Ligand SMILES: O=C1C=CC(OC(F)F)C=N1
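Only one chain is included here, represented as structure tokens and corresponding to the form deposited without the ligand.
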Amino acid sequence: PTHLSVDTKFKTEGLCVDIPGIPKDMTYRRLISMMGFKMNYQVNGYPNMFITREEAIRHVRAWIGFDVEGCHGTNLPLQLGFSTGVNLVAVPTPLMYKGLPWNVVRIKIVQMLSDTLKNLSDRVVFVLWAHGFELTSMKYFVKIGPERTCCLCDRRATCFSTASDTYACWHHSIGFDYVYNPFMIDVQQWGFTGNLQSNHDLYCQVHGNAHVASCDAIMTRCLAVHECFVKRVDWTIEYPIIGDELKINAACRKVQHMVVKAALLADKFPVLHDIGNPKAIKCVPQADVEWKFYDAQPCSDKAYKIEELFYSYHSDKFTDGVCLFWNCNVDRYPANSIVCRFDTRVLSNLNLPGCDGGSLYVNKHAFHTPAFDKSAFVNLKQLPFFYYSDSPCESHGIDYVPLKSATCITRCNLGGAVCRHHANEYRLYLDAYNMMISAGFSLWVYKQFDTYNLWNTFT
């Protein structure tokens, strides 16, 4: 059971207003045929245009919410809305475009999907709240057939050109006019009571209904993300590497060790309360401090209430020493904290739009993160950049320009001249740090944190 059987039943109740008289008894096989597509008993990697919820979750980066609204059905113009915010008007003769024939509309569809998806995925998954017109409009911009490769590279083909009779992936499709072998899923098949807006609004107040097709497209994809990543969480699913994943993850581990090690040296806390991942390991294994772990899985819905994490009777006194919240999203951090909190607003190929202001961060695994809130950090301040090292000044074994920096906290800089080793290590650390910040991570610390207190660890 890898793909969705074409013989699976499709509930058509949601289609009977746009398609009156539709048979109650319906399979994907018959629905695809009714949409104007012929599959010809083809065993060539494309068994069904529709996919399972599990295959959709594996291809979340490909999700594009799609809705079609009747402007006035062969005689009337159609408003095509995408979760990218685009609205196109197709005539049969929040970006709003005036009515144009299908031959040009399809060129715009390929460009939009190629630019949105080339750095995210090898395919498109149209996320629907199917009522009829979206399904019957697909024959105007979609071509299907055997799985193919791009004419300019080894990636699978996602587009087709009637001008050249060739195929292309999202990276090589300039001037292409047809979406080739797209995938789709109808959220309405999952068993919901009531319309799209009533189900979406139960979990999200960020997406409104400005009564246009792209608003419905956005709501559909949001609802789909809520069902698959908020109320249902699967951390076993692995996602391909598409950017700086390994460098970001390595940088996170380097920054964590650096910051915690310096906080322990500067303020000598007798105890550290590590709150978060149940599989966490001591990030500063040589530190003197009493290390105490508290298990909390990543919150994917709302941020944890500090009252529930701490109270209800552990040192019991979290007020003693320091609290470490490394990607443990809480509503209001205590004043004695070291915090790393992912900023959901960050634009990147790893961070996809989420539910209720939250975002879906996809780096090896998928993590829906509650909306970033500046008020969570009222008892803390922003952690400034610094590099600290007590390692011996010794080159061992990359050309050089002398480093001068007030934030290179080393014996050699204390002594008036940064050595080659600490300058190389400083520049590597500054690069790792910048990578982590640009990925969306933000660092916060207790207000008494002062790097001036690190210089006296060189005596």
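Numbering starts at 1 and follows the sequence shown.
Unshown form deposited with the ligand bound; subsequent notes refer to it.
Place the ligand, as positioned in the bound PDB entry, onto this chain through superposition of its site C-alphas, and say whether the site is open or blocked according to the 2.4 Å backbone and C-beta criterion (3 or more atoms for blocked).
Blocked: when the ligand is placed as it sits in the bound PDB entry, 3 or more of its atoms come within 2.4 Å of backbone or C-beta atoms.
With the ligand left out of view, which of 144, 383, 228, 376 would have a heavy atom within 4.5 Å of it in the bound PDB entry?
When the ligand is considered in the bound PDB entry, the option within 4.5 Å is 144.
Just to be sure I understand the contacts: of 51, 32, 57, 432, which is the one whose heavy atoms reach within 4.5 angstroms of the ligand in the bound PDB entry?
After the contact test, the surviving option is 32.
Should residue 38 be classed as touching the ligand in the bound PDB entry when contacts are defined as heavy atoms within 4.5 Å?
Although the ligand is absent here, residue 38 would touch it in the bound PDB entry, with heavy atoms inside 4.5 Å.
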